[PDB]
Chemist: 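Below are the structure tokens for one structure; questions will follow.
Start at 1 with the first residue, then count along the sequence. Atoms within each ligand, like the ligands themselves, are counted from 1 in listed order. Basis for what follows: all heavy atoms, side chains included, without hydrogens, waters or symmetry-related copies.
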Amino acid sequence: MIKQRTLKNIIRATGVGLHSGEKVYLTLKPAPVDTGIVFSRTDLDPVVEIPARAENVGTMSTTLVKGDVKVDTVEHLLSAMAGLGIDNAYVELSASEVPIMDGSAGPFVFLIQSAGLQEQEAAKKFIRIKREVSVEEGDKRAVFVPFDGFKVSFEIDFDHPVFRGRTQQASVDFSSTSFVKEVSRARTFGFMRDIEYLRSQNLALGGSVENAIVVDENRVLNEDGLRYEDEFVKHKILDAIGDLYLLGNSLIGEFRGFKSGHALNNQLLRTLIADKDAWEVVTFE
Ligand SMILES: N[C@H](CO)C(=O)Nc1cccc(OC(F)(F)F)c1
Ligand SMILES: [Zn+2]
């Protein structure tokens with residue numbers, strides 16, 4: 001059979017929180033079969049756990065909620081876990097947010113490869129899209145399409161000098177195109193206008209050219225840090241791979257995003273969950 005995977009070893013990472021600007025400790029540990037990805041606030045007492053589930057989501061990133069208790073910026077870590085097929089793992093946080101690291105999945109990918117993958121004696125469960133499912137917000141569109149594989153297609157028209165007047169598009173088929181090589185290290189575009197507001201208000205303190213391609217009203221300041229052609233939509237695809245993993249199992253199917261973000265990504269997932277005939281669970285031999 002195709003088996004569930006966890007981590008072979010505990011691994012620890014230190015970074016800055018995206019919003020605090022303050023040091024935060026992350027520990028990844030193996031978990032049992034059928035656990036999924038479970039976030040732990042160990043700084044609290046009693047420790048509070050929040051499963052990585054669509055229904056546990058509550059702006060510019062994906063936040064998990066249980067009560068007043070939250071875990072911020074889950075999208076990149078969940079994307080690394082999606083990309084390497086990690087089914088089951090505990091995520092312990094010293095604080096309310098995942099460290100932003102280089103601001104891609106690359107750091108998490110590398111810590112998980114370094115931990116090692118452990119097969120478990122239990123069938124890996126897949127969510128296979130049977131029939132099309134879609135959500136719209138003004139011009140924003142997310143859509144699930146039946147497909148023999150996993151495929152994420154992203155298109156956005158952002159009205160900035162940087163894009164030279166052109167819609168940004170990227171497809172990724174994870175039969176030919178590797179998550180690790182072609183999406184995992186992509187950083188988002190930060191717009192001085194947006195960052196300037198937040199920093200004034202003591203928010204997004206941790207965000208810089210270390211964890212973002214920073215663009216002013218005109219130009220990418222830090223072209224030196226570009227890793228890919230069409231990096232922005234490649235990071236959007238990374239964001240969506242992370243958000244889609246809140247389904248709790250790998251997707252067999254195609255995702256199409258048009259101006260979509262975390263908000264619509266979560267609406268799509270719910271809408272699919274609601275639509276029991278749009279999907280079935282499969283395992284393989
Ligand atoms: N997932 C989201 C959206 O892609 C994300 O990657 N946000 C993000 C990443 C790094 C820095 C950052 O701060 C800022 F704003 F200053 F750039 C925001
Ligand atoms: Zn992101």
Chemist: Please determine, by modelled atom types, if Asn88 and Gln4 share a side-chain donor-acceptor pair under 3.5 angstrom.
Modeler: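 A pair is found: one side chain offers a donor N or O, the other an acceptor, under 3.5 Å apart.
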
Chemist: Can you tell me the angle formed at the Zn ion (ligand 2) by NE2 of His76 and NE2 of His235, to 10°?
Modeler: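 Between NE2 of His76 and NE2 of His235, the angle at the Zn ion (ligand 2) is about 90°.
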
Chemist: Using a 4.0 Å heavy-atom cut-off, which part of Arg187 comes near ligand 1: side chain, backbone, both, or neither?
Modeler: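 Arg187 to ligand 1: no contact under 4.0 Å from either part.
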
Chemist: Which hydrophobic side chains are connected to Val33, either touching it within the sub-4.5 Å cutoff or through other members that do?
Modeler: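 Hydrophobic cluster check, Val33: no partners found.
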
Chemist: Does the N or O separation between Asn211 and ligand 1 drop below 3.5 Å for any pair?
Modeler: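 Among all N and O atoms of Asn211, none is under 3.5 Å from an N or O of ligand 1.
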
Chemist: Do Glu75 and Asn265 have a side chain donor and acceptor closer than 3.5 Å?
Modeler: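 No, no side-chain donor-acceptor contact under 3.5 Å.
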
Chemist: Considering only heavy atoms of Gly190, which atoms of ligand 1 have at least one such atom less than 4.0 Å away?
Modeler: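 Listed by number with element: 17 (F).
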
Chemist: Where does the angle between the aromatic ring planes of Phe232 and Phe163 fall among parallel (under 30°), tilted (30 to 60°) and perpendicular (over 60°)?
Modeler: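 Correct class here is parallel.
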
Chemist: Is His76 in polar range of ligand 1, meaning some N or O pair under 3.5 Å apart?
Modeler: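 The answer is yes, given that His76 and ligand 1 share an N or O pair closer than 3.5 Å.
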
Chemist: Report the member of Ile195, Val209, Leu203 with the shortest heavy-atom distance to atom 15 (F) of ligand 1.
Modeler: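 Nearest option to atom 15 (F) of ligand 1, by heavy atoms: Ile195.
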
Chemist: Among residues at least two apart in sequence or on other chains, which ones pass salt bridge (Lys or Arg N to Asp or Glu O under 4.0 Å) with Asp43?
Modeler: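 Checked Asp43 against salt bridge (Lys or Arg N to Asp or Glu O under 4.0 Å); matches are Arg41.
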
Chemist: Assess whether atom CD of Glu22 is packed by more than 12 heavy atoms of other residues, nucleotides or ligands within 6.0 Å.
Modeler: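 Not more than 12 within 6.0 Å, no.
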
Chemist: Only heavy atoms of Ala212, strictly under 4.0 Å: list the atoms of ligand 1 that pass.
Modeler: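 Atoms satisfying the 4.0 Å criterion: 11 (C), 17 (F).
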
Chemist: Answer with side chain, backbone, both or neither: which part of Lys236 has a heavy atom less than 4.0 angstrom from an atom of ligand 1?
Modeler: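 For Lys236, there is no contact with ligand 1 at all, from either part.
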
Chemist: Backbone, side chain, both or neither: what part of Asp194 comes under 4.0 angstrom of ligand 1, heavy atoms only?
Modeler: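 For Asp194, there is no contact with ligand 1 at all, from either part.
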
Chemist: Can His262 and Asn266 be counted as having a side-chain donor-acceptor contact under 3.5 angstrom?
Modeler: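 Their side chains do not contain a donor-acceptor pair, so the 3.5 Å distance test is not met.
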
Chemist: Suppose we only count N/O/S atoms under 2.8 Å; would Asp239 qualify as near the Zn ion (ligand 2)?
Modeler: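 Yes.
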
Chemist: Rounded to the nearest 0.5 Å, how far does CZ of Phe189 lie from NZ of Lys236?
Modeler: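 Spacing of NZ (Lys236) from CZ (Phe189) equals 12.0 Å.
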
Chemist: At a 4.0 Å threshold, what atoms of ligand 1 neighbour a non-hydrogen atom of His235?
Modeler: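 So the atoms of ligand 1 that pass are 1 (N), 4 (O), 5 (C), 6 (O).
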
Chemist: Can you name the atoms of ligand 1, numbered from 1 with element, that are less than 4.0 Å from a heavy atom of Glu75?
Modeler: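 Per the distance check, 1 (N), 2 (C).
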
Chemist: I'd like to know if the side chain of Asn56 reaches the main chain of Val65, judged simply by a donor and an acceptor atom lying under 3.5 Å from each other, with no hydrogens or angles considered.
Modeler: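 Flag not set: sc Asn56 to bb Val65 has no pair under 3.5 Å.
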
Chemist: If you take the nearest heavy atom of each of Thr188, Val74, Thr59, which one is closest to atom 8 (C) of ligand 1?
Modeler: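 Shortest heavy-atom distance from atom 8 (C) of ligand 1: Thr188.
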
